[PDB]
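Notes follow once the structure below has been shown.
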Amino acid sequence: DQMX
Amino acid sequence: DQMX
Amino acid sequence: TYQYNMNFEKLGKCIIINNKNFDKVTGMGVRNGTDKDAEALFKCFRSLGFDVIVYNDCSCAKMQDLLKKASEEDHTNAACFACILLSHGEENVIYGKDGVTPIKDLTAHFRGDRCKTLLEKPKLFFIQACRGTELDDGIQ
Amino acid sequence: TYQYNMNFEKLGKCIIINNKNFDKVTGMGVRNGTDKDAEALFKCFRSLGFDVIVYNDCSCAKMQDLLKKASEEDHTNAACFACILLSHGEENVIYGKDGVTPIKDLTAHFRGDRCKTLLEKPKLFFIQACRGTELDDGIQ
Amino acid sequence: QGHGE
Amino acid sequence: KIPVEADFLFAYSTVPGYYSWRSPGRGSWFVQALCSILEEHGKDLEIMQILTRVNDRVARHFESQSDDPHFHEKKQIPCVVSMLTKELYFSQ
Amino acid sequence: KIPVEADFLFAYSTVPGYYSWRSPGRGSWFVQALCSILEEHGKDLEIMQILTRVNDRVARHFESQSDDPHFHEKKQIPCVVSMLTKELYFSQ
């Protein structure tokens with residue numbers, strides 16, 4: 001997962 | 001009226 | 001289910017912080033009409049079933065400590081928690097009689113990891129205070 | 001008397017800003033997966049009855065113009081308005097492909113005194129974007 | 001519409 | 001696991017950046033409205049239905065009055081921030 | 001007179017100060033949740049009921065996955081800000  |  | 005479970009020994013604690021008088025150095029005036037708010041809130045939340053406690057003219061330290069201790073109490077038998085703040089304020093902060101303190105820090109005490117007996121339970125905060133100096137002229 | 005009147009010819013306009021690629025200068029990475037979000041959102045809001053249009057990789061100026069122009073259209077026959085923002089962001093701001101812009105400035109165009117045709121009508125904003133760098137470790 | 005406990 | 005910031009609800013008397021009004025004789029607009037709605041529906045409506053009604057009551061029933069034309073006839077709209085994960089009813 | 005800030009609703013994917021998560025192969029957690037709920041109840045539930053279920057879904061069904069232990073198993077809770085004055089149903 002990646003952060004926004 | 002007054003402000004808070 | 002889609003509703004919070006309300007089958008507990010008691011509805012919960014309701015803490016009311018009624019700040020009317022402030023130290024001269026803060027530049028804040030007396031909040032006339034706040035005792036009427038506090039009285040009405042107290043009667044109202046008692047009717048709902050909350051165990052209400054009313055604090056008056058609290059310093060920033062008293063407000064922080066008072067909420068920290070409440071979060072350390074055992075809420076196991078309560079369905080929820082309510083806190084009502086009545087005072088002057090500016091964006092993101094609320095006034096104690098001797099100054100300003102972040103609203104985030106006051107409520108942080110009840111975070112899931114810092115108040116386990118309220119985990120998965122609604123934590124309500126009602127805040128009567130200014131959040132800036134903008135005015136709404138309205139339309140229509 | 002407790003629900004918004006939805007008896008209008010159109011449900012309303014829906015703007016979806018889908019920012020996936022950003023200028024190297026911003027240092028922000030590719031938002032892989034945002035295309036699936038945009039498409040799934042397109043179908044859902046279309047299904048609700050919104051007249052939706054998707055705009056990809058908008059610059060800050062474009063996003064501003066987009067919302068400003070929309071606020072200047074005639075919403076007399078619409079029940080409401082909706083805007084979905086998909087991008088990188090920080091507290092109070094959202095990224096365009098070339099930098100950040102205040103969320104407040106994007107939405108202010110729709111205030112009652114600046115968009116008469118949406119007065120007393122719901123104005124919805126859905127924002128998928130970071131609001132800081134804190135992490136929630138969760139509990140239990 | 002109809003909300004209900 | 002449950003998010004640590006989950007299950008909070010903040011019912012603010014006004015929106016970010018704005019003043020909040022209080023009548024020395026009757027109390028703050030927000031509190032008057034909240035108690036009024038709670039006294040009549042506190043035990044039969046969901047918390048958000050209650051607060052939405054408070055929003056409407058504060059927005060429509062109040063207007064400021066000051067000898068100063070600068071703070072005359074001003075309006076106010078509350079602000080509800082919810083991180084609740086379920087509907088909340090005060091009864092049963 | 002109507003307050004100029006009245007009738008707005010902001011549905012944020014996360015609370016102030018925090019990150020918001022997105023899965024490269026499935027999309028952001030918030031949107032996945034929003035769409036699944038709208039697809040199933042978009043036309044029969046009030047907007048707050050819908051967003052409340054979205055908060056629950058995001059809070060319970062998601063947990064970050066990363067090699068870096070610093071971003072391992074993190075959670076998220078959306079944030080709903082409502083200045084609405086009535087109940088909103090997308091129908092009739």
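Residues in the structure tokens are numbered from 1 in each chain, the chains being A, B, ... in the order shown, and ligands are numbered from 1 in the order shown.
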Identical-sequence pair chain G and chain F: C-alpha RMSD when superposed in order: 0.2 Å
Polymer residues at most 9 Å from residue 41 in chain D, only C-alpha atoms, same-chain spacing of 6 or more positions, as a PyMOL selection string: (chain D and resi 16+84) or (chain G and resi 31-32+34-35)
C-alpha atoms of the current selection, written as an mmCIF file, in the first residue's frame:
data_model
loop_
_atom_site.group_PDB
_atom_site.id
_atom_site.type_symbol
_atom_site.label_atom_id
_atom_site.label_comp_id
_atom_site.auth_asym_id
_atom_site.auth_seq_id
_atom_site.Cartn_x
_atom_site.Cartn_y
_atom_site.Cartn_z
ATOM 1 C CA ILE D 16 -14.158 14.135 -10.702
ATOM 2 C CA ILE D 84 -14.667 14.309 -6.001
ATOM 3 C CA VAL G 31 -13.111 4.956 -2.548
ATOM 4 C CA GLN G 32 -13.405 1.170 -2.483
ATOM 5 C CA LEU G 34 -17.634 4.405 -0.679
ATOM 6 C CA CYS G 35 -18.445 2.677 -3.955
#
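Taking CA of residue 120 in chain D and CA of residue 71 in chain D as the two end points, the separation is 14.2 Å.
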Proximal residues of chain C relative to chain D (only C-alpha atoms; 7 Å) as JSON, numbers by chain: {"C": [112, 113, 139]}
Residues within 12 Å of residue 4 in chain E, only C-alpha atoms, excluding chain neighbours under 6 positions, as a PyMOL selection string: (chain C and resi 2-3) or (chain F and resi 44-46+49+87-89) or (chain G and resi 45-46+49)
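When only C-alpha atoms are used to measure the gap to chain E, the shortest distance among G:48, G:15, G:77, G:53 belongs to G:48.
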Picked from chain G by DSSP as strand (DSSP E or B), as a PyMOL selection string: chain G and resi 2+8-12+18+21-23+27-28+75+79-82+87
Go ahead and save the residues from that selection, with N, CA, C and O atoms, as a compact mmCIF listing (two decimals), in the first residue's frame.
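Produced file result_4.txt, reproduced below:
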# COMPACT_ATOMS: atom_id res chain seq x y z
N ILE G 2 -29.75 33.11 4.85
CA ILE G 2 -29.14 31.80 4.99
C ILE G 2 -27.64 32.01 5.13
O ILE G 2 -27.06 32.81 4.40
N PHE G 8 -23.08 22.58 3.05
CA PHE G 8 -21.89 21.94 2.48
C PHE G 8 -21.66 20.65 3.25
O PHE G 8 -22.05 20.52 4.41
N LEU G 9 -21.04 19.67 2.60
CA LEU G 9 -20.69 18.43 3.27
C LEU G 9 -19.35 18.00 2.68
O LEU G 9 -19.18 17.97 1.46
N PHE G 10 -18.39 17.70 3.54
CA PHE G 10 -17.07 17.27 3.12
C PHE G 10 -16.85 15.86 3.61
O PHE G 10 -16.91 15.61 4.81
N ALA G 11 -16.60 14.94 2.68
CA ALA G 11 -16.35 13.56 3.06
C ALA G 11 -14.86 13.29 2.83
O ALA G 11 -14.46 12.97 1.72
N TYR G 12 -14.05 13.45 3.87
CA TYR G 12 -12.61 13.21 3.75
C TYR G 12 -12.27 11.73 3.93
O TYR G 12 -12.92 11.03 4.71
N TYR G 18 -3.36 13.08 9.44
CA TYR G 18 -2.99 11.73 9.04
C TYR G 18 -2.85 11.44 7.55
O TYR G 18 -3.27 12.22 6.70
N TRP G 21 -4.58 5.86 2.91
CA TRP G 21 -4.03 4.73 2.17
C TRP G 21 -4.68 4.35 0.85
O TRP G 21 -5.89 4.47 0.67
N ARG G 22 -3.84 3.86 -0.06
CA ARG G 22 -4.27 3.46 -1.39
C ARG G 22 -3.53 2.21 -1.86
O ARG G 22 -2.30 2.15 -1.80
N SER G 23 -4.28 1.20 -2.30
CA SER G 23 -3.71 -0.04 -2.81
C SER G 23 -3.58 0.09 -4.33
O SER G 23 -4.58 0.23 -5.03
N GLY G 27 -7.10 0.32 -5.67
CA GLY G 27 -7.53 1.69 -5.47
C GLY G 27 -7.48 2.05 -4.00
O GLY G 27 -7.21 1.20 -3.15
N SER G 28 -7.73 3.32 -3.69
CA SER G 28 -7.70 3.77 -2.30
C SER G 28 -8.78 3.09 -1.46
O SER G 28 -9.84 2.73 -1.97
N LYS G 75 -3.76 1.59 10.32
CA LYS G 75 -5.20 1.70 10.13
C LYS G 75 -5.62 3.07 9.63
O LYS G 75 -4.80 3.97 9.50
N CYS G 79 -13.32 10.90 7.69
CA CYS G 79 -13.78 12.05 8.47
C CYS G 79 -14.89 12.79 7.72
O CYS G 79 -14.66 13.30 6.63
N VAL G 80 -16.08 12.84 8.30
CA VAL G 80 -17.21 13.51 7.66
C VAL G 80 -17.49 14.86 8.31
O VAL G 80 -17.70 14.95 9.52
N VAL G 81 -17.49 15.92 7.51
CA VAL G 81 -17.77 17.27 8.02
C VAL G 81 -19.07 17.75 7.38
O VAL G 81 -19.12 18.01 6.18
N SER G 82 -20.11 17.89 8.19
CA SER G 82 -21.39 18.31 7.67
C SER G 82 -21.94 19.64 8.17
O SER G 82 -22.06 19.86 9.37
N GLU G 87 -31.90 16.28 5.76
CA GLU G 87 -31.48 14.92 5.44
C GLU G 87 -31.41 14.81 3.92
O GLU G 87 -32.23 15.39 3.20
DSSP-assigned alpha helix (DSSP H) among range 4-115 of chain C, expressed as a PyMOL selection string: chain C and resi 34-48+60-71+103-108
Export of the given selection (N, CA and C atoms) as a compact mmCIF listing (two decimals), in the first residue's frame:
# COMPACT_ATOMS: atom_id res chain seq x y z
N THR C 34 -23.34 32.39 29.66
CA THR C 34 -22.82 31.03 29.68
C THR C 34 -23.37 30.20 30.84
N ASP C 35 -23.74 30.83 31.95
CA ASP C 35 -24.30 30.08 33.07
C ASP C 35 -25.65 29.51 32.65
N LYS C 36 -26.38 30.27 31.85
CA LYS C 36 -27.68 29.84 31.35
C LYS C 36 -27.47 28.62 30.44
N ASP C 37 -26.43 28.65 29.61
CA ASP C 37 -26.12 27.52 28.73
C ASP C 37 -25.81 26.29 29.57
N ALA C 38 -24.88 26.44 30.51
CA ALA C 38 -24.48 25.34 31.37
C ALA C 38 -25.67 24.73 32.11
N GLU C 39 -26.52 25.57 32.68
CA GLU C 39 -27.68 25.08 33.41
C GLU C 39 -28.60 24.25 32.50
N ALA C 40 -28.88 24.77 31.32
CA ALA C 40 -29.74 24.10 30.36
C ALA C 40 -29.12 22.80 29.85
N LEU C 41 -27.81 22.81 29.63
CA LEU C 41 -27.11 21.62 29.15
C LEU C 41 -27.15 20.54 30.21
N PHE C 42 -26.87 20.94 31.45
CA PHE C 42 -26.87 20.01 32.56
C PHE C 42 -28.22 19.30 32.72
N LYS C 43 -29.30 20.08 32.75
CA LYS C 43 -30.63 19.51 32.90
C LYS C 43 -30.94 18.58 31.73
N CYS C 44 -30.58 19.04 30.54
CA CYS C 44 -30.82 18.29 29.32
C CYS C 44 -30.07 16.95 29.26
N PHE C 45 -28.77 16.95 29.56
CA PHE C 45 -28.02 15.70 29.51
C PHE C 45 -28.32 14.78 30.69
N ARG C 46 -28.84 15.34 31.78
CA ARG C 46 -29.20 14.51 32.91
C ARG C 46 -30.46 13.75 32.49
N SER C 47 -31.37 14.44 31.81
CA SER C 47 -32.61 13.84 31.33
C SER C 47 -32.32 12.69 30.36
N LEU C 48 -31.28 12.84 29.56
CA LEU C 48 -30.90 11.80 28.61
C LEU C 48 -30.39 10.57 29.35
N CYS C 60 -6.07 26.22 31.84
CA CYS C 60 -5.72 25.27 30.80
C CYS C 60 -5.25 23.97 31.41
N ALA C 61 -4.47 24.08 32.49
CA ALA C 61 -3.95 22.90 33.16
C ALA C 61 -5.07 22.08 33.79
N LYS C 62 -6.05 22.76 34.39
CA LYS C 62 -7.16 22.05 35.00
C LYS C 62 -7.97 21.32 33.93
N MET C 63 -8.21 21.97 32.80
CA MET C 63 -8.95 21.34 31.71
C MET C 63 -8.23 20.08 31.22
N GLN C 64 -6.92 20.19 31.00
CA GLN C 64 -6.14 19.04 30.55
C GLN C 64 -6.16 17.91 31.57
N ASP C 65 -5.87 18.24 32.82
CA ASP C 65 -5.82 17.23 33.88
C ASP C 65 -7.16 16.55 34.14
N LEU C 66 -8.21 17.35 34.14
CA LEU C 66 -9.57 16.90 34.36
C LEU C 66 -9.99 15.88 33.30
N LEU C 67 -9.63 16.14 32.05
CA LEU C 67 -9.98 15.23 30.96
C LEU C 67 -9.06 14.01 30.94
N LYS C 68 -7.82 14.19 31.37
CA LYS C 68 -6.88 13.08 31.41
C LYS C 68 -7.36 12.07 32.46
N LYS C 69 -7.77 12.58 33.62
CA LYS C 69 -8.25 11.70 34.68
C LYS C 69 -9.55 11.01 34.32
N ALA C 70 -10.40 11.70 33.56
CA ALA C 70 -11.66 11.08 33.17
C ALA C 70 -11.35 9.91 32.23
N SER C 71 -10.39 10.10 31.33
CA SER C 71 -10.03 9.05 30.39
C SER C 71 -9.36 7.85 31.06
N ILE C 103 -7.43 21.90 20.98
CA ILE C 103 -8.58 21.02 21.17
C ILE C 103 -8.14 19.58 20.94
N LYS C 104 -7.21 19.39 20.02
CA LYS C 104 -6.70 18.06 19.71
C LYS C 104 -6.10 17.40 20.95
N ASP C 105 -5.37 18.17 21.75
CA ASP C 105 -4.75 17.61 22.95
C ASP C 105 -5.75 17.26 24.04
N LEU C 106 -6.85 18.00 24.10
CA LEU C 106 -7.87 17.72 25.11
C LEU C 106 -8.61 16.42 24.78
N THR C 107 -8.91 16.22 23.50
CA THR C 107 -9.64 15.03 23.07
C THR C 107 -8.76 13.79 22.88
N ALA C 108 -7.47 13.99 22.63
CA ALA C 108 -6.54 12.88 22.41
C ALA C 108 -6.54 11.86 23.54
Residue 3 in chain A environment, 12 Å, only C-alpha atoms, sequence neighbours closer than 4 positions dropped, as a VMD selection string: (chain D and resid 28 to 34 87 to 90 128 to 135) or (chain G and resid 13 to 14 18 to 24 27 to 29 64 to 66 71 74 to 76)
Distance filter 6 Å, only C-alpha atoms, chain F against chain D, as an NGL selection string: :F and (1-4)
One-decimal distance in Å that lies between CA of residue 61 in chain F and CA of residue 17 in chain C: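 Taking CA of residue 17 in chain C as the start and CA of residue 61 in chain F as the end point, the length is 26.0 Å.
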CA of residue 23 in chain D to CA of residue 53 in chain D, distance in Å rounded to a single decimal: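 Rounded to one decimal, the two atoms are 23.3 Å apart.
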Pick from G:57, G:6, G:68, G:91, whichever lies nearest to residue 2 in chain A using only C-alpha atoms: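 Nearest candidate to residue 2 in chain A out of G:57, G:6, G:68, G:91: G:68.
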